[PDB]
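*Asks:* below is the sequence, then the experimental coordinates.
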Amino acid sequence: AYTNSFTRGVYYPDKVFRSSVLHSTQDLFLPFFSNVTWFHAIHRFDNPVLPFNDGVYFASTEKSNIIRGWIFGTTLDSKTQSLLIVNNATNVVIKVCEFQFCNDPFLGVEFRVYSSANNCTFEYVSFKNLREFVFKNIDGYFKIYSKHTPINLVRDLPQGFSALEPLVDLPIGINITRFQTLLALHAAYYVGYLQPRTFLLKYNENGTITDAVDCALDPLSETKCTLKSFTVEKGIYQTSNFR
Amino acid sequence: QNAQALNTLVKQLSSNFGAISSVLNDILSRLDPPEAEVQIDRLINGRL
Amino acid sequence: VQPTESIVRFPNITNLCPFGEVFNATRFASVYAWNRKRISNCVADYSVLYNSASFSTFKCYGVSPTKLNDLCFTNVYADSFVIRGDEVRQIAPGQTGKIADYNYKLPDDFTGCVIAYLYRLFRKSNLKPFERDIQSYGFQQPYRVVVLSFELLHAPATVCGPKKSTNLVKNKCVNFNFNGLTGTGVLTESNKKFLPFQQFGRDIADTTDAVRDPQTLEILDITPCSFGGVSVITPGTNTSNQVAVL
Amino acid sequence: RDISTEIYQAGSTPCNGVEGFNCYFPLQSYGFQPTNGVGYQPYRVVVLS
Ligand SMILES: *[C@@H]1O[C@H](CO)[C@@H](O[C@@H]2O[C@H](CO)[C@@H](O)[C@H](O)[C@H]2NC(C)=O)[C@H](O)[C@H]1NC(C)=O
Ligand SMILES: *[C@@H]1O[C@H](CO)[C@@H](O)[C@H](O)[C@H]1NC(C)=O
Ligand SMILES: *[C@@H]1O[C@H](CO)[C@@H](O)[C@H](O)[C@H]1NC(C)=O
Ligand SMILES: *[C@@H]1O[C@H](CO)[C@@H](O)[C@H](O)[C@H]1NC(C)=O
Ligand SMILES: *[C@@H]1O[C@H](CO)[C@@H](O)[C@H](O)[C@H]1NC(C)=O
Ligand SMILES: *[C@@H]1O[C@H](CO)[C@@H](O)[C@H](O)[C@H]1NC(C)=O
Ligand SMILES: *[C@@H]1O[C@H](CO)[C@@H](O)[C@H](O)[C@H]1NC(C)=O
């Protein structure tokens, strides 16, 4: 029920073009080599509501597209407005409403996700393959990144490097504490969490992120971050600190 | 050494030194003079 | 070198919020059963309503009609109800009478503009601001009044007034403010290639280098205007008074 | 110190010396009464430079 992240979880942190340079940034990223819990939500079912904390990494591999969306809210009750993301086979359903969810939301393929709604604020409509997403909510803005690429291993996330691209910066302004994935039923995915870490990002002539270094993995990475290079020559160097 | 010193001097322009913003125009637009002049004074001291 | 002309360019102010759904519609509800209209996810262009003809009154409270195009608020409410001409003063902060204390009470701290039918004659408690707790009055004059209540909260704001994202806009050799970018310099067509989500370019010194045209998605190099010191060449004054400058 | 009473124009249509839509007389008379509140009571203020 555990796989390790390897080199997954890199996204473009801004919309600035930089060519043939090396840049250091401080933001929430998935830690390197921190193992990722592999869930089988239904096989005996466990489709629970997990805390959101400061952001959540998500990834999955499916061809039947069983996971249709996610549910976000504080109490998951109609007392306070909640967010609902549903991906139809035709379009996207995004809601921000005081939403009375059920004890076991699912997309009957009936609608037993909820029972009623009181207010509504926001509405928006727009193999062996891995779709990868990053969710975070800062200053009332919901931010989502995406990238699609083929794979050859199912049980575990294959190694490699490919950055995620920005998709939506939605200005709603919702308090958020917990989430739960939405599935269609007549279930394999992963959950990663984001932490504040400093990274080096390598840009090619096209402005494409091609490599990265985590500054807290090991002393060699600390030296690389200090020297602002991917190559370190012979000698002694100081990443000084104390305990 | 010369290039390192010049790069450090150039990169020092982005700091706040305790002010609200590192851009003069933002300070001018977001506030009235009786506090914008204080913020600009702070920035001036840092760059000096 | 001083800048020559300041052609600051911003895209079209689109889209347009449906003000005509309330300001320009045909039905206004009763004063004791007033309808509050929620306005969001749109550009609130107040020039059309301010410049609209045949308006009996145009009263602002803490706001200016020429200024509202530059205010961004999270939530704006369009209160719509029928009232008679004589009681049009009841929609005011602190005003008393039948309508305010029985039908429609406006907050004493109201901020916005009021632009311009059943009597409740018996109450047990004075109505709160924006309260609707639901004597027939015969129109033998009615005035259609809309109240613009501007509420700002800690949520992201959705109704400002200016252009949003995707419209038509140009660029020249300017001083050279576009959108959120400022500063002077000369602009040249650039051969660089941005990613579709990339808008700016930056040098190793973390300085703006190139910018993409918002309308015709082309990238322009930013070269600053020339500058330099000036020196004066001269022999001794006891030899001549001629000089040459560099 | 400006001492003028021209009808202010907030619109593009000229006032032609009358009040109306967007047209205002700049001055409003002070409603000083013995029944007024403390904050609306008249106050004699002297400025020394
Ligand atoms: C990264 O930049 C290089 C620049 O050399 C690109 O290589 C050329 O790309 C163009 C199309 O963008 C092709 O028509 C050329 O044939 C490529 N050069 C050669 C020698 O084949 C490269 O494609 C860029 N990569 C990305 C992902 O944009
Ligand atoms: C990594 O695995 C250890 C046990 O092997 C576990 O305690 C830890 O929480 C895992 N890291 C995660 C899930 O980020
Ligand atoms: C939305 O919630 C407010 C409370 O803040 C309530 O007054 C209003 O009636 C609700 N809207 C509905 C039920 O349509
Ligand atoms: C709600 O969010 C605000 C700011 O986003 C925060 O200050 C507050 O503590 C949050 N409250 C809860 C119950 O999460
Ligand atoms: C949009 O901008 C163009 C400039 O080419 C102008 O001709 C047109 O009138 C504008 N339309 C609106 C609705 O702003
Ligand atoms: C808005 O006003 C115009 C007159 O300028 C009228 O033609 C149009 O029908 C009105 N729209 C609505 C929805 O009443
Ligand atoms: C220039 O010459 C005059 C006399 O020829 C003399 O009085 C003066 O001091 C001289 N000044 C300089 C700067 O040489």
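*Replies:* Cool, the structure landed. Numbering: from 1, shown residues only, chains lettered A, B, ... in the order given. Ligands and ions are numbered 1, 2, ... in the order given.

*Asks:* so what's the closest residue to residue A:48 other than its chain neighbours bridging to?
*Replies:* Leaving out its chain neighbours, the residue that sits closest to residue A:48 by C-beta to C-beta, 6 or more residues apart in numbering or on different chains is residue A:180, at 6.6 Å. No exception for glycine: its C-beta is placed from N, CA and C like everyone else's. Note on residue A:180: beta-bridge partners by DSSP bridges are residue A:71.

*Asks:* surely residue A:180 touches residue A:51?
*Replies:* No - at 10.5 Å, residue A:180 does not count as touching residue A:51 under the criterion of C-beta atoms under 8 Å.

*Asks:* comparing the two, which shows the higher neighbour count?
*Replies:* Set side by side, residue A:180 and residue A:51 show more neighbours around residue A:180, with 17 against 11, by other C-beta atoms under 10 Å in any protein chain shown.

*Asks:* OK, contacts around the more buried one?
*Replies:* Neighbour list for residue A:180: A:47, A:48, A:49, A:50, A:70, A:71, A:76, A:105 [criterion: C-beta atoms under 8 Å, 6 or more residues apart in numbering or on different chains].

*Asks:* and it, how far from residue A:131?
*Replies:* Between residue A:180 and residue A:131 the distance is 18 Å, computed by C-beta to C-beta, to the nearest Å.

*Asks:* tell me, how many residues neighbour the residue of chain A at minimum distance from ligand 2?
*Replies:* Among the residues of chain A, residue A:35 lies closest to ligand 2, at 3.8 Å counting by C-beta to the nearest ligand atom. Residue crowding around residue A:35 was assessed by other C-beta under 10 Å; the count is 12.

*Asks:* and the spatially closest residue to it that is not a sequence neighbour, what are its phi and psi?
*Replies:* Nearest-residue entry for residue A:35: residue A:4, 4.2 Å, with adjacent residues in sequence omitted and distances by C-beta to C-beta, 6+ apart. In terms of degrees, to the nearest 10, the main-chain angles of residue A:4 are phi -110, psi 140.

*Asks:* show me what contacts residue A:4?
*Replies:* With contacts defined as C-beta under 8 Å, 6+ apart, the neighbours of residue A:4 are A:33, A:34, A:35, A:36.

*Asks:* quick check: the closest residue to chain C within chain D vs residue C:144, distance?
*Replies:* Nearest residue of chain D to chain C: residue D:21, at 6.3 Å (C-beta to the nearest C-beta). In this view, residue D:21 and residue C:144 are 16 Å apart by C-beta to C-beta.

*Asks:* for stretch C:122-142, list every residue counted as buried.
*Replies:* Within stretch C:122-142, the residues that qualify as buried are C:127, C:130, C:132, counting by 16 or more other C-beta atoms under 10 Å in any protein chain shown.

*Asks:* now do the end-to-end distance for that stretch.
*Replies:* One end of stretch C:122-142 to the other measures 22 Å (C-alpha to C-alpha, to the nearest Å).

*Asks:* residues from chain A in reach of ligand 1?
*Replies:* Those residues of chain A that sit near ligand 1, judged by C-beta under 6 Å from any ligand atom, are A:205, A:206, A:208.

*Asks:* just to revisit the earlier point, please pick the buried ones from the contacts of residue A:180.
*Replies:* Applying a neighbour-count criterion of 16+ other C-beta under 10 Å, the buried members of the contacts of residue A:180 are A:47, A:49, A:70, A:71, A:76, A:105.

*Asks:* for chain D, what lies in contact range of chain C?
*Replies:* Taking C-beta under 8 Å from any C-beta of the partner chain, the part of chain D that reaches chain C is made up of D:10, D:11, D:12, D:21, D:22.

*Asks:* ok, which pair from the residues you listed is furthest apart?
*Replies:* D:12 and D:21 (10.8 Å; C-beta to C-beta).

*Asks:* neighbour count: those two, which is higher?
*Replies:* Between residue D:12 and residue D:21, counting by other C-beta under 10 Å, residue D:21 is the more crowded of the two (18 against 7).

*Asks:* what sits against whichever residue of chain C sits closest to chain A?
*Replies:* In chain C, the residue found nearest to chain A is residue C:155; the distance is 3.0 Å by C-beta to the nearest C-beta. Applying C-beta under 8 Å, 6+ apart, one finds that residue C:155 lies in contact with A:140, A:172, A:173, C:74.

*Asks:* redo that, cut-off 10 Å
*Replies:* Under the criterion of C-beta atoms under 10 Å, 6 or more residues apart in numbering or on different chains, the contact list for residue C:155 reads A:121, A:139, A:140, A:171, A:172, A:173, A:174, C:74, C:75.

*Asks:* cool, residue D:9 as well?
*Replies:* Contact analysis of residue D:9 by C-beta under 10 Å, 6+ apart lists D:15, D:16, D:19, D:20, D:21, D:22, D:23, D:24.

*Asks:* of the contacts of residue C:155, buried ones?
*Replies:* A:121, A:140, A:172, A:173, A:174, C:74, C:75.

*Asks:* the residues you listed: which two are farthest apart?
*Replies:* Across those (C-beta to C-beta), the longest gap, 14.4 Å, separates A:174 and C:75.

*Asks:* does the residue of chain D closest to chain C really touch residue C:59, like I thought?
*Replies:* No - because the distance of 11.7 Å does not satisfy C-beta atoms under 10 Å, residue D:21 is recorded as not touching residue C:59.

*Asks:* check whether the residue of chain C found nearest ligand 6 sits in a helix, strand or coil.
*Replies:* Of all residues in chain C, the one sitting closest to ligand 6 is residue C:24 (3.8 Å; C-beta to the nearest ligand atom). Each residue gets one of three states, and residue C:24 gets coil by DSSP: H, G, I helix; E, B strand; the rest coil.

*Asks:* can you tell me the element residue 36 falls in?
*Replies:* As the question left the chain open, I've gone with chain A. Residue A:36 is located in strand A:35-40, with elements delineated by DSSP states H and E.

*Asks:* not quite, I wanted chain D
*Replies:* Element membership of residue D:36, judged by DSSP H and E, is empty: it is in no helix or strand.

*Asks:* how close does the residue of chain C closest to ligand 6 sit to residue C:144?
*Replies:* From residue C:24 across to residue C:144, the span is 10 Å (C-beta to C-beta).

*Asks:* the two - which one has more neighbours?
*Replies:* When neighbours are counted by other C-beta under 10 Å, residue C:144 comes out ahead of the other of residue C:24 and residue C:144, with 18 against 13.

*Asks:* list the neighbouring strands of the helix or strand harbouring that one plus their orientation.
*Replies:* Counting by DSSP H and E, the element that carries residue C:144 is strand C:142-151. Based on DSSP bridges, the strands next to strand C:142-151 in the sheet, each with its direction, are strand C:75-84 (antiparallel), strand C:112-115 (antiparallel).

*Asks:* any figure for the gap between the nearest residue to residue A:84 once chain neighbours are set aside and residue A:120?
*Replies:* On the basis of C-beta to C-beta, 6+ apart, the spatially nearest residue to residue A:84 that is not a chain neighbour turns out to be residue A:95, at 4.3 Å. Separation of residue A:95 from residue A:120 (C-beta to C-beta) stands at 7 Å.
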